[PDB]
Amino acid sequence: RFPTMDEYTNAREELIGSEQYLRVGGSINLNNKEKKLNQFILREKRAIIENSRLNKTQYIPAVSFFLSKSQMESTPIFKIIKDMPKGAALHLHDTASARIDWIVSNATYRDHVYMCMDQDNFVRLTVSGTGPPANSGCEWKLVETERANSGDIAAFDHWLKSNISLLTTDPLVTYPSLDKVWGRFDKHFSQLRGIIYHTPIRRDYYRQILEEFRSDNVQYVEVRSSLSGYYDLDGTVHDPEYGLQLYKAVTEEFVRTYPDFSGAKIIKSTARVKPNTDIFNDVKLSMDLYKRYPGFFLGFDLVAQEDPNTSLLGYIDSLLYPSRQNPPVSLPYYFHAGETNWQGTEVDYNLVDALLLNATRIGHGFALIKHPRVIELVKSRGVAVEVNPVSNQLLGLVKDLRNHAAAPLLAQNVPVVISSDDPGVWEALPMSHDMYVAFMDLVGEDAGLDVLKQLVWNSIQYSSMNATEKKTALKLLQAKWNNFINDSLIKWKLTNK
């Protein structure tokens, strides 16, 4: 009943307003300084969207990261997000979270590093103190010699980087299927496995994760790591507790050096390709490290490609073992779950088992929007979904990022944290690229700084810090946020707006 345009406007704005309040960040009340920055962001967002829509050209924030990376980095919204404190990156893999450039310019300049071209014509890297490795399907050569004989060291080093990065070409073009791009992604890890498991390189690589994340204004990380098998020049192989202690010592020194950094905690990950009887041992291992490293060791996760490998149900007696002890042991789980386009299959039904197993957070949950009951359990229990949008695009779940299945989750205020997954593999920053695409593609044109602030706060509030640590971290984050707001008003000439 709209006799005049005012009654129609009022009902229209009431319904739209209800959705805006319901979505992520909708209950935030911005202060006056925040509002001025918010209005600039919203003007910028409308300008790029309206140009795409009305001038009938592609929306760059939603195309392949290969194409959009160099375009977004010059824009004001990206520069604001780059400067913004992120809080925490809660979904990361320890052999994929520092720069390939550091592997090349630092690790492959160390003594005793070898390279070979494998039968698929990819370079592999490893360390051997005890002579060159055996020619098992590839001929190892000392990198120092190959580089010194290249006749162009800059080109040699660039070739190493180009042969290892997944962003050398557009993966959506070069590996145009799920199985092809996962073939390339699995190959990347095989290329670096040898060098990245040598103990002093692994130690320093982990330190580089912390340096790079701090440099992108991330103050805290939770990292998945397999922990085991770091090896020395003399061939000594270390156990998982040693690997955990190695990370603990690096983290403590880093936080000593940088008290503006909250620190790190570690999740043990095992590949879901192994027999149940081996997963059982890794569950027992995790129960032990959880008891003896409280507050640094968080719990357990299963990784490797979800679709063709073993389901959570395929491991259910291992995963139920802690809860079944007398007295029960509660081993926290952080399951990767539902990282798939399938529906009604044992892959997306991993989400059901993740909830039945009391997962603390869920990795990806791309299939979650197809499961209305699992959504309601996730919301009612406060189980944060770790959303990694660049990863999901480049690794084959979606092409146009406005079709990312987390957008309907955010619209319902499902608890979500943004993370980068494997940023080093495809040359992403620790958080700013993923936060930009989440901001530009997974929420709407009228969604501004309140969404960003809520996602940032979510990454601490749904971290696995204890309550006291969260309060301390939020105090530090609030000071970072206030500086970011003031700096941004000056930088974007908004102060009198």
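In case it trips you up, residue 1 is the first one in the sequence shown, and so on.
- A summary of the deposited B-factors shows that, of 124-132 and 294-302, the stretch with the larger mean C-alpha value is 124-132.
- Annotation for 345-353 versus 136-144: the higher mean temperature factor (C-alpha) is found in 136-144.
- Take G151, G424, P408, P240 and read off each C-alpha B-factor from the entry; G151 has the highest.
- In this structure the maximum Cα B-factor among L54, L429, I460, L452 is found at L54.
- Ranked by Cα temperature factor within the chain, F66 sits in the middle third according to the deposited record.
- Annotation for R324: C-alpha temperature factor in the highest third relative to the rest of the modelled chain, per the entry.
- Sort the chain's modelled residues by C-alpha temperature factor and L442 lands in the lowest third, per the entry.
- When the modelled residues of the chain are ordered by their C-alpha B factor, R224 lands in the lowest third.
- Split the chain's modelled residues into thirds by C-alpha temperature factor. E252 is in the highest one.
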